[PDB]
>>> print(open('coords07.cif').read())   # mmCIF, N, CA and C atoms; chains and numbers go by the auth columns
data_protein
loop_
_atom_site.group_PDB
_atom_site.id
_atom_site.type_symbol
_atom_site.label_atom_id
_atom_site.label_comp_id
_atom_site.label_asym_id
_atom_site.label_seq_id
_atom_site.Cartn_x
_atom_site.Cartn_y
_atom_site.Cartn_z
_atom_site.B_iso_or_equiv
_atom_site.auth_seq_id
_atom_site.auth_asym_id
ATOM 1 N N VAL A 1 37.800 -104.051 170.477 0.00 1 A
ATOM 2 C CA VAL A 1 37.321 -104.416 171.805 0.00 1 A
ATOM 3 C C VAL A 1 38.474 -104.515 172.797 0.00 1 A
ATOM 4 N N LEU A 2 38.887 -103.370 173.331 0.00 2 A
ATOM 5 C CA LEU A 2 39.982 -103.327 174.294 0.00 2 A
ATOM 6 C C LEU A 2 39.711 -102.292 175.380 0.00 2 A
ATOM 7 N N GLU A 3 39.201 -101.134 174.973 0.00 3 A
ATOM 8 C CA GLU A 3 38.895 -100.062 175.914 0.00 3 A
ATOM 9 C C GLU A 3 37.946 -100.550 177.004 0.00 3 A
ATOM 10 N N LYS A 4 37.187 -101.595 176.695 0.00 4 A
ATOM 11 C CA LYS A 4 36.237 -102.160 177.646 0.00 4 A
ATOM 12 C C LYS A 4 36.946 -103.065 178.649 0.00 4 A
ATOM 13 N N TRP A 5 37.996 -103.737 178.193 0.00 5 A
ATOM 14 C CA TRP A 5 38.761 -104.635 179.050 0.00 5 A
ATOM 15 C C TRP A 5 39.750 -103.856 179.910 0.00 5 A
ATOM 16 N N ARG A 6 40.197 -102.713 179.401 0.00 6 A
ATOM 17 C CA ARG A 6 41.148 -101.875 180.123 0.00 6 A
ATOM 18 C C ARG A 6 40.432 -101.005 181.152 0.00 6 A
ATOM 19 N N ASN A 7 39.130 -100.819 180.959 0.00 7 A
ATOM 20 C CA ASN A 7 38.331 -100.008 181.870 0.00 7 A
ATOM 21 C C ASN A 7 37.662 -100.877 182.930 0.00 7 A
ATOM 22 N N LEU A 8 37.451 -102.146 182.599 0.00 8 A
ATOM 23 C CA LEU A 8 36.819 -103.083 183.521 0.00 8 A
ATOM 24 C C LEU A 8 37.783 -103.485 184.633 0.00 8 A
ATOM 25 N N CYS A 9 39.047 -103.680 184.272 0.00 9 A
ATOM 26 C CA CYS A 9 40.067 -104.065 185.241 0.00 9 A
ATOM 27 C C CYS A 9 40.109 -103.082 186.407 0.00 9 A
ATOM 28 N N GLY A 10 39.711 -101.841 186.143 0.00 10 A
ATOM 29 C CA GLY A 10 39.712 -100.826 187.180 0.00 10 A
ATOM 30 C C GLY A 10 38.763 -101.155 188.315 0.00 10 A
ATOM 31 N N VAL A 11 37.868 -102.110 188.078 0.00 11 A
ATOM 32 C CA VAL A 11 36.899 -102.517 189.089 0.00 11 A
ATOM 33 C C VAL A 11 36.996 -104.011 189.372 0.00 11 A
ATOM 34 N N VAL A 12 37.263 -104.790 188.328 0.00 12 A
ATOM 35 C CA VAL A 12 37.384 -106.236 188.464 0.00 12 A
ATOM 36 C C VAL A 12 38.715 -106.619 189.103 0.00 12 A
ATOM 37 N N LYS A 13 39.696 -105.731 188.988 0.00 13 A
ATOM 38 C CA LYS A 13 41.018 -105.973 189.555 0.00 13 A
ATOM 39 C C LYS A 13 41.376 -104.901 190.578 0.00 13 A
ATOM 40 N N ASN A 14 40.356 -104.319 191.200 0.00 14 A
ATOM 41 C CA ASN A 14 40.564 -103.280 192.202 0.00 14 A
ATOM 42 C C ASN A 14 39.905 -103.658 193.525 0.00 14 A
ATOM 43 N N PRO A 15 40.434 -104.709 194.170 0.00 15 A
ATOM 44 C CA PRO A 15 39.914 -105.194 195.451 0.00 15 A
ATOM 45 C C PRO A 15 40.194 -104.225 196.595 0.00 15 A
ATOM 46 N N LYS A 16 41.079 -103.265 196.348 0.00 16 A
ATOM 47 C CA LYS A 16 41.434 -102.274 197.357 0.00 16 A
ATOM 48 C C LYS A 16 40.241 -101.383 197.688 0.00 16 A
ATOM 49 N N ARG A 17 39.406 -101.123 196.687 0.00 17 A
ATOM 50 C CA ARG A 17 38.228 -100.285 196.873 0.00 17 A
ATOM 51 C C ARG A 17 36.952 -101.073 196.593 0.00 17 A
ATOM 52 N N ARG A 18 37.059 -102.078 195.730 0.00 18 A
ATOM 53 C CA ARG A 18 35.913 -102.906 195.376 0.00 18 A
ATOM 54 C C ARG A 18 35.717 -104.026 196.394 0.00 18 A
ATOM 55 N N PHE A 19 34.468 -104.446 196.570 0.00 19 A
ATOM 56 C CA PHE A 19 34.145 -105.509 197.515 0.00 19 A
ATOM 57 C C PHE A 19 34.688 -106.850 197.031 0.00 19 A
ATOM 58 N N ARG A 20 35.043 -106.911 195.751 0.00 20 A
ATOM 59 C CA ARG A 20 35.574 -108.134 195.164 0.00 20 A
ATOM 60 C C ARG A 20 34.525 -109.243 195.175 0.00 20 A
ATOM 61 N N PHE A 21 33.998 -109.564 193.998 0.00 21 A
ATOM 62 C CA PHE A 21 32.985 -110.605 193.873 0.00 21 A
ATOM 63 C C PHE A 21 33.345 -111.583 192.757 0.00 21 A
ATOM 64 N N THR A 22 34.120 -112.606 193.102 0.00 22 A
ATOM 65 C CA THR A 22 34.537 -113.609 192.131 0.00 22 A
ATOM 66 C C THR A 22 33.451 -114.657 191.920 0.00 22 A
ATOM 67 N N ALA A 23 32.335 -114.496 192.625 0.00 23 A
ATOM 68 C CA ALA A 23 31.219 -115.426 192.512 0.00 23 A
ATOM 69 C C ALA A 23 31.637 -116.835 192.918 0.00 23 A
ATOM 70 N N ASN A 24 32.325 -116.941 194.050 0.00 24 A
ATOM 71 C CA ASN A 24 32.784 -118.233 194.547 0.00 24 A
ATOM 72 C C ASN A 24 31.670 -118.954 195.299 0.00 24 A
ATOM 73 N N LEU A 25 31.356 -120.168 194.859 0.00 25 A
ATOM 74 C CA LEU A 25 30.310 -120.964 195.490 0.00 25 A
ATOM 75 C C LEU A 25 30.569 -121.118 196.985 0.00 25 A
ATOM 76 N N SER A 26 29.686 -120.546 197.797 0.00 26 A
ATOM 77 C CA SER A 26 29.820 -120.618 199.246 0.00 26 A
ATOM 78 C C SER A 26 29.690 -122.059 199.733 0.00 26 A
#
>>> encode(input="coords07.cif", output="structure tokens")
Amino acid sequence: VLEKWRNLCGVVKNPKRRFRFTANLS
């Protein structure tokens, strides 16, 4: 279980293109 964590970072750690949703309580 690593290819999933290395592929997720491409979106979870890509605020440059991603809207970035840390689910912070408004």
>>> select_by_dssp(input="coords07.cif", residues="chain A", states="helix (DSSP H, G or I)", output="VMD selection string")
chain A and resid 3 to 12
>>> atom_distance(input="coords07.cif", atom1="CA of residue 22 (chain A)", atom2="CA of residue 5 (chain A)")
16.4 Å
>>> atom_distance(input="coords07.cif", atom1="CA of residue 16 (chain A)", atom2="atom N of residue 4 (chain A)")
21.1 Å
>>> atom_distance(input="coords07.cif", atom1="atom N of residue 21 (chain A)", atom2="atom N of residue 1 (chain A)")
24.5 Å
>>> decode(input="coords07.cif", residues="region 5-25 of chain A", atoms="N, CA and C atoms", output="PDB file, in the first residue's frame")
ATOM      1  N   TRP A   5      -0.711   6.092  -2.023  1.00  0.00           N
ATOM      2  CA  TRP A   5      -0.321   7.274  -1.263  1.00  0.00           C
ATOM      3  C   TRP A   5       0.557   8.196  -2.101  1.00  0.00           C
ATOM      4  N   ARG A   6       1.290   7.612  -3.043  1.00  0.00           N
ATOM      5  CA  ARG A   6       2.173   8.382  -3.911  1.00  0.00           C
ATOM      6  C   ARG A   6       1.391   9.005  -5.065  1.00  0.00           C
ATOM      7  N   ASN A   7       0.217   8.448  -5.346  1.00  0.00           N
ATOM      8  CA  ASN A   7      -0.626   8.948  -6.425  1.00  0.00           C
ATOM      9  C   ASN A   7      -1.654   9.944  -5.897  1.00  0.00           C
ATOM     10  N   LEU A   8      -1.988   9.818  -4.617  1.00  0.00           N
ATOM     11  CA  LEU A   8      -2.959  10.706  -3.988  1.00  0.00           C
ATOM     12  C   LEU A   8      -2.356  12.086  -3.744  1.00  0.00           C
ATOM     13  N   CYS A   9      -1.093  12.109  -3.334  1.00  0.00           N
ATOM     14  CA  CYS A   9      -0.400  13.365  -3.066  1.00  0.00           C
ATOM     15  C   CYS A   9      -0.468  14.292  -4.276  1.00  0.00           C
ATOM     16  N   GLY A  10      -0.585  13.702  -5.462  1.00  0.00           N
ATOM     17  CA  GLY A  10      -0.657  14.490  -6.678  1.00  0.00           C
ATOM     18  C   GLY A  10      -1.883  15.381  -6.721  1.00  0.00           C
ATOM     19  N   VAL A  11      -2.843  15.106  -5.843  1.00  0.00           N
ATOM     20  CA  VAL A  11      -4.072  15.889  -5.784  1.00  0.00           C
ATOM     21  C   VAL A  11      -4.288  16.468  -4.391  1.00  0.00           C
ATOM     22  N   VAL A  12      -3.919  15.698  -3.373  1.00  0.00           N
ATOM     23  CA  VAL A  12      -4.071  16.134  -1.989  1.00  0.00           C
ATOM     24  C   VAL A  12      -3.004  17.157  -1.615  1.00  0.00           C
ATOM     25  N   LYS A  13      -1.891  17.133  -2.340  1.00  0.00           N
ATOM     26  CA  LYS A  13      -0.793  18.060  -2.087  1.00  0.00           C
ATOM     27  C   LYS A  13      -0.509  18.916  -3.316  1.00  0.00           C
ATOM     28  N   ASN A  14      -1.536  19.130  -4.133  1.00  0.00           N
ATOM     29  CA  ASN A  14      -1.397  19.934  -5.342  1.00  0.00           C
ATOM     30  C   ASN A  14      -2.396  21.087  -5.347  1.00  0.00           C
ATOM     31  N   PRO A  15      -2.208  22.036  -4.417  1.00  0.00           N
ATOM     32  CA  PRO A  15      -3.082  23.206  -4.294  1.00  0.00           C
ATOM     33  C   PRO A  15      -2.918  24.177  -5.458  1.00  0.00           C
ATOM     34  N   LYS A  16      -1.855  23.990  -6.234  1.00  0.00           N
ATOM     35  CA  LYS A  16      -1.584  24.847  -7.382  1.00  0.00           C
ATOM     36  C   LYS A  16      -2.659  24.681  -8.451  1.00  0.00           C
ATOM     37  N   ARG A  17      -3.187  23.467  -8.569  1.00  0.00           N
ATOM     38  CA  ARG A  17      -4.223  23.177  -9.553  1.00  0.00           C
ATOM     39  C   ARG A  17      -5.512  22.731  -8.869  1.00  0.00           C
ATOM     40  N   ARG A  18      -5.375  22.134  -7.690  1.00  0.00           N
ATOM     41  CA  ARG A  18      -6.528  21.659  -6.935  1.00  0.00           C
ATOM     42  C   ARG A  18      -7.134  22.786  -6.103  1.00  0.00           C
ATOM     43  N   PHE A  19      -8.441  22.708  -5.874  1.00  0.00           N
ATOM     44  CA  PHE A  19      -9.142  23.722  -5.095  1.00  0.00           C
ATOM     45  C   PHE A  19      -8.729  23.661  -3.627  1.00  0.00           C
ATOM     46  N   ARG A  20      -8.104  22.553  -3.240  1.00  0.00           N
ATOM     47  CA  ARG A  20      -7.660  22.368  -1.864  1.00  0.00           C
ATOM     48  C   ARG A  20      -8.849  22.318  -0.910  1.00  0.00           C
ATOM     49  N   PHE A  21      -9.137  21.128  -0.393  1.00  0.00           N
ATOM     50  CA  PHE A  21     -10.250  20.946   0.531  1.00  0.00           C
ATOM     51  C   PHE A  21      -9.808  20.170   1.769  1.00  0.00           C
ATOM     52  N   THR A  22      -9.311  20.893   2.768  1.00  0.00           N
ATOM     53  CA  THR A  22      -8.852  20.274   4.004  1.00  0.00           C
ATOM     54  C   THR A  22     -10.017  19.992   4.945  1.00  0.00           C
ATOM     55  N   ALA A  23     -11.223  20.338   4.506  1.00  0.00           N
ATOM     56  CA  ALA A  23     -12.420  20.120   5.309  1.00  0.00           C
ATOM     57  C   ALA A  23     -12.343  20.881   6.627  1.00  0.00           C
ATOM     58  N   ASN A  24     -11.960  22.152   6.551  1.00  0.00           N
ATOM     59  CA  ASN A  24     -11.846  22.988   7.739  1.00  0.00           C
ATOM     60  C   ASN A  24     -13.206  23.548   8.144  1.00  0.00           C
ATOM     61  N   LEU A  25     -13.604  23.282   9.384  1.00  0.00           N
ATOM     62  CA  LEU A  25     -14.883  23.759   9.896  1.00  0.00           C
ATOM     63  C   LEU A  25     -15.004  25.271   9.737  1.00  0.00           C
TER      64      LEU A  25
END
